Amino acid sequence: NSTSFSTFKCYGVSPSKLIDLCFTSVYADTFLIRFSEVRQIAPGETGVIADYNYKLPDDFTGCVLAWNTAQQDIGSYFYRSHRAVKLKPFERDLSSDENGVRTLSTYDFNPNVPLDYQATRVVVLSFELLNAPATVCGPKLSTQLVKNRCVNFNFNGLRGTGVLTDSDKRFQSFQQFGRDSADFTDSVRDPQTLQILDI
Amino acid sequence: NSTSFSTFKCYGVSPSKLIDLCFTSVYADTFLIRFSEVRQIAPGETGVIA
Amino acid sequence: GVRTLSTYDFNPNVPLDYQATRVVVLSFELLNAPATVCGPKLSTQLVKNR
Amino acid sequence: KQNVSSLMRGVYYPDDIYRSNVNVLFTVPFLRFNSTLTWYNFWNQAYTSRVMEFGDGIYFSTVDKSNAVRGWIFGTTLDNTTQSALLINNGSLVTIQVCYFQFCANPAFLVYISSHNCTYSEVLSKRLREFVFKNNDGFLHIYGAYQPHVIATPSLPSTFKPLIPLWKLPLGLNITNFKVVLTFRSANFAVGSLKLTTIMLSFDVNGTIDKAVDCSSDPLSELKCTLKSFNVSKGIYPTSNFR
Ligand SMILES: *[C@@H]1O[C@H](CO)[C@@H](O[C@@H]2O[C@H](CO)[C@@H](O)[C@H](O)[C@H]2NC(C)=O)[C@H](O)[C@H]1NC(C)=O
Ligand SMILES: *[C@@H]1O[C@H](CO)[C@@H](O[C@@H]2O[C@H](CO)[C@@H](O)[C@H](O)[C@H]2NC(C)=O)[C@H](O)[C@H]1NC(C)=O
Ligand SMILES: *[C@@H]1O[C@H](CO)[C@@H](O)[C@H](O)[C@H]1NC(C)=O
Ligand SMILES: *[C@@H]1O[C@H](CO)[C@@H](O)[C@H](O)[C@H]1NC(C)=O
Ligand SMILES: *[C@@H]1O[C@H](CO)[C@@H](O)[C@H](O)[C@H]1NC(C)=O
Ligand SMILES: *[C@@H]1O[C@H](CO)[C@@H](O)[C@H](O)[C@H]1NC(C)=O
Ligand SMILES: *[C@@H]1O[C@H](CO)[C@@H](O)[C@H](O)[C@H]1NC(C)=O
Ligand SMILES: *[C@@H]1O[C@H](CO)[C@@H](O)[C@H](O)[C@H]1NC(C)=O
Ligand SMILES: *[C@@H]1O[C@H](CO)[C@@H](O)[C@H](O)[C@H]1NC(C)=O
Ligand SMILES: *[C@@H]1O[C@H](CO)[C@@H](O)[C@H](O)[C@H]1NC(C)=O
């Protein structure tokens, strides 16, 4: 309600599966640009934003979420356009006079400005999913653990099909699932009433 | 003429081959939404309209 | 129980995202059946043994 | 100020994911075997300030007589023009403060006087204490090992040590210059140099690293990386081009 996202593009995951997954950790990079420069926030692309202000890694797994707002933010903002060397991914530079001259140019934001030159708020959510106890997780409620029946299970975003049996496998304090044979998850740990279940 | 098509995306077939094909049956689902929510009408997607 | 249908307004003097867009989704299928809706390409003479 | 050899003391965990009972290859920054160090000793008169190169990661070490080393300063100009890391160990808390620093001549305790426009400030909280620092995709990865070092004329042991991955930082800063903070009251610290290397790493049932290969130095190491094994039968084998 009351927020219409102009661009919601997820690389590595899909926006239809963000409910089912629990992330180990999430970072949110937040900034504000022009309306036509939203298309530059994608892995493997260059421009004035993806070269001199904010670059994305090629092994990216996240979601770019950008929405137009030409009325909330009115004024003047700064951007870099004259750097000698392109940035490494996920890096920051604050040297305004690294070339001696002012390398930070201004650009204004009024409601009565043409189409491409309007303020868009961009949030890049970079999250990683691995064998760790998750912190940020989806809104799906839990169910009763049923054993000795061929069931579909969704344990912390590890969707599978099998029979859960009480087992005594040796896990660490941080392990959430067990790889065995040719990389198959066959020993897992339920997040509520933590114990070891063999699939 | 007099209709500017903002988005014409075909899945399964191509817009360059719509002349060459005769369809067995066609249905048209028609409605009206906001301008930023047109990008949600695609297979495998979530939003408010999807 | 509560009203699950929310309103949204449409005026000419409204920003980029909140403007009306007419959407038609044409879902057609192609299979072994006599077609009804077909393309505008004219027929030619049936020539055999070539 | 002399030179010693890296006796297999630079092996760390490359990926944060979990693996067990496998032998896998990598093309990561690594400190290869039989490398060189630049370790300096503390006398009555000794080093004051030196900017050694932070070349795509650094292997730091000490022997740590009492509490001699206090931390590290990572930067690219070491002024109040570009921000700096300044890892310290005051009291019993380890803190990181990415701010603009007008620090003094020699970094010592009993390190900085002027600090403005902080972009990051976090509090974390005969002993070897060897570290590996690297920077990748705006993240400062630190891999530490608190080994109870053996006993002067200093050197390096030959016991293998899988350096446990410590905390990493979302700093968002590029680093090419580096400085060590010491204690001046009116010990040894050692500097390595990371480079891109293909390596082979084994894992046990506990997720611990058993042994390393570093197939860029020896023909037997290259053979071990070629045949995907650590035990090699007697014979002749063609090898790849890992050197
Ligand atoms: C429209 O959006 C607003 C906020 O974006 C929602 O308002 C909240 O509604 C809940 C329950 O209805 C209240 O407890 C909060 O106090 C409201 N927040 C306010 C008034 O700031 C509202 O529910 C949304 N309506 C629809 C139909 O989605
Ligand atoms: C422009 O569009 C209009 C309407 O879409 C077309 O007008 C029709 O033209 C045909 C023949 O030219 C007439 O029989 C119709 O009565 C017209 N419809 C009207 C006036 O509503 C017109 O042909 C188009 N012109 C071009 C060049 O594409
Ligand atoms: C709340 O969390 C604890 C800790 O794991 C768990 O044992 C308990 O069952 C949970 N309760 C509910 C209602 O989810
Ligand atoms: C490293 O060892 C070589 C001898 O092989 C020596 O010449 C050189 O000075 C040493 N490096 C340093 C920094 O002392
Ligand atoms: C590495 O260095 C040690 C000590 O200098 C030396 O004895 C050894 O032969 C070198 N090579 C290997 C492969 O260990
Ligand atoms: C830090 O800023 C002060 C400003 O008063 C300046 O005097 C000082 O020289 C600066 N430090 C540098 C450039 O190393
Ligand atoms: C160590 O430094 C931090 C950073 O300012 C400070 O909060 C803390 O009180 C200091 N502790 C001691 C013992 O000086
Ligand atoms: C340093 O802090 C002051 C105080 O807010 C601010 O005005 C100035 O812009 C900051 N410096 C930079 C380079 O942003
Ligand atoms: C780090 O940044 C500084 C200032 O932006 C620059 O001078 C230096 O070349 C950079 N080092 C790299 C990219 O290795
Ligand atoms: C794993 O740790 C246990 C102690 O919990 C130990 O008994 C066992 O030998 C270890 N396994 C390996 C391969 O070192």
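This deposited entry lists cryo-EM as its structure determination method and 3.8 Å as its resolution.

A word on the overall build of chain A. For chain A, the helix and strand inventory stands at one helix and 12 strands. Listing the helices and strands of chain A from first to last along the sequence gives β-β-α-β-β-β-β-β-β-β-β-β-β. Taken over C-alpha atoms, the radius of gyration comes to 23 Å for chain A, far larger than the 16 Å a tight globule of 199 residues would show. Across its three principal axes, chain A shows a C-alpha extent of roughly 70 × 40 × 25 Å.

A few words now on the interface of chain C and chain B. If you look at the interface, chain C gives 26 residues, while chain B gives 21 residues. In total, about 2,400 Å² of surface goes out of reach between chain C and chain B, with carbon and sulfur atoms giving 63% of it. When the buried area of chain C at its contact with chain B is split by residue, C:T21, C:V23 and C:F28 rank highest and sum to 24% of it. Counting every contact that joins chain C to chain B gives 14 residue pairs in polar contact. Tallied by class, residues from the side of chain C that touches chain B come to 17 nonpolar, five polar and four charged. Note that strand β1 (residues 25-34) of chain B and strand β1 (residues 20-29) of chain C share 10 bridges and pair antiparallel. Within the sheet, the bridge partner assigned to B:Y27 lies in β1(C) and is C:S27.

With that out of the way, let us pick up the site of ligand 9. Surrounding ligand 9, one finds A:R83, A:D93, D:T76 and D:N174. This site is not confined to one chain, since residues near ligand 9 come from chains A and D. A:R83 is positioned such that a nitrogen or oxygen atom in its side chain is 3.4 Å from an oxygen atom of ligand 9. Here an oxygen atom of ligand 9 and a side-chain polar atom of A:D93 are 2.6 Å apart.

The way to describe two aromatic rings as a pair is by their centre distance and the angle between their planes. By the definition in use, this model includes 32 aromatic pairs over all chains. Their ring planes at 35° and their centres at 5.7 Å tell us that A:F5 and A:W67 sit as a pair that is tilted. With A:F5 in the segment before β1 (7-11) and A:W67 in strand β3 (residues 62-68), the pair connects residues that are 62 residues apart, well separated along the chain. A relative accessible area of 26% places A:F5 in the partly exposed class. The buried category is assigned to A:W67, whose relative accessible area is 19%. Here B:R34 stacks its cationic end above the ring of C:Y8, 5.5 Å away from the centre of that ring. Positioned above the aromatic ring of D:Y146 is the side chain of D:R127, whose terminal nitrogen or guanidinium carbon lies 5.0 Å from the ring centre.

As a volume, the largest pocket reaches approximately 1,500 Å³. What lines the largest pocket is a set of 44 residues, among which B:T7, B:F8, B:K9, B:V38 and B:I41 lie closest to the centre. Within the residue set of the lining of the largest pocket, elements represented by two or more residues are β1 of chain A together with β1 of chain C. Taken together, the residues of the lining of the largest pocket break down into 27 nonpolar, 10 polar and seven charged.

Here we take up unusual backbone geometry. Backbone geometry places C:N49, a non-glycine residue, at a positive phi of 60°. Mapped onto the elements, C:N49 comes out in the segment after β1. Of the residues examined, C:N49 reaches a relative accessible area of 83% and is grouped as exposed. A positive phi is found at D:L78, a non-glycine position, where the angle reads about 60°.

What follows is about the state of the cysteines. If you walk through the whole model with that rule in mind, you get five disulfides over all chains. In this model A:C22 forms its disulfide with A:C137; the gap between the sulfur atoms is 2.0 Å. Of this pair, A:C22 sits in the loop between β1 and β2 (25-34) while A:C137 sits in the loop between β6 (119-128) and β7 (151-155), and the two are 115 residues apart along the sequence. Judged by its relative accessible area of 10%, A:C22 falls in the buried class. Between the sulfur of B:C22 and that of C:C38 lies a disulfide, 2.0 Å long from S to S. Linking B:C22 in the segment before β1 with C:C38 in the segment after β1, this pair reaches from one chain into another. By relative accessible area, which is 44% here, C:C38 ends up partly exposed. Across chain A, the way the bonded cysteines pair up, counted in sequence order, is 1-3, 2-4.

The subject of this paragraph is empty space enclosed by the protein. Residue and element names in this part refer to chain D. Estimated volume of the largest cavity: approximately 120 Å³. Surrounding the largest cavity, 13 residues form its lining, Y47, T48, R50, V180 and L182 being those nearest its centre. Tallied by class, the residues present in the lining of the largest cavity amount to eight nonpolar, three polar and two charged. Taken as a whole, the second largest cavity holds about 90 Å³ of empty space. In this structure, the second largest cavity is lined by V4, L37, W39, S61, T62, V63, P154, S155, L156, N188 and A190. Of the residues in the lining of the second largest cavity, the class split is seven nonpolar, four polar and no charged.

Within the structure shown, the criterion is met by 14 salt bridges over all chains. The salt bridge involving B:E37 is made with B:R34; its shortest N-O contact spans 3.6 Å. Judged by its relative accessible area of 13%, B:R34 is buried. Where D:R243 meets D:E222, a salt bridge forms, and the shortest distance between an N and an O atom there is 3.0 Å. Of the two residues, D:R243 is situated in the segment after α1 (219-226) and D:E222 in helix α1; the sequence distance between them amounts to 21 residues. Accessibility expressed as a relative area gives 66% for D:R243, which makes it exposed. Overall, the relative accessible area of 6% leaves D:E222 in the buried class.

Procedures and definitions
Residues numbered from 1 in each chain as written, not as in the entry; some residues may be left out. Chains lettered and ligands numbered in written order. Part of a larger assembly, values for the part shown. Heavy atoms only, no water. Helix = DSSP H or I, 4+ residues; strand = E, 2+ residues; numbered from the N terminus. Rg over C-alpha atoms; globule rule 2.2 N^0.38 Å. Contact = heavy atoms within 4.5 Å. Buried area = accessible area lost by both parts, 1.4 Å probe. Polar contact = N/O pair within 3.5 Å; in protein donor to acceptor, adjacent residues only side chain to side chain. Nonpolar A, V, L, I, M, F, W, Y, C, P; charged D, E, K, R; others polar. Pairing = 2+ DSSP bridges. Near = heavy atom within 4 Å. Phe/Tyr/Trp six-rings, centres within 6.5 Å; stacked < 30°, edge-to-face > 60°. Buried < 20%, exposed > 50% of the residue type's maximum accessible area, 1.4 Å probe, protein only. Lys NZ or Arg CZ within 6 Å of the ring centre and 35° of its normal. 1 Å grid on protein atoms, 1.4 Å probe; cavity = no way out; pocket = protein on both sides within 12 Å on 5 of 7 lines; lining within 4 Å. Points joined across faces, edges and corners; volume = space filled by probe spheres on them. Disulfide = S-S within 2.5 Å. Salt bridge = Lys/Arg side-chain N within 4 Å of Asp/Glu carboxyl O.

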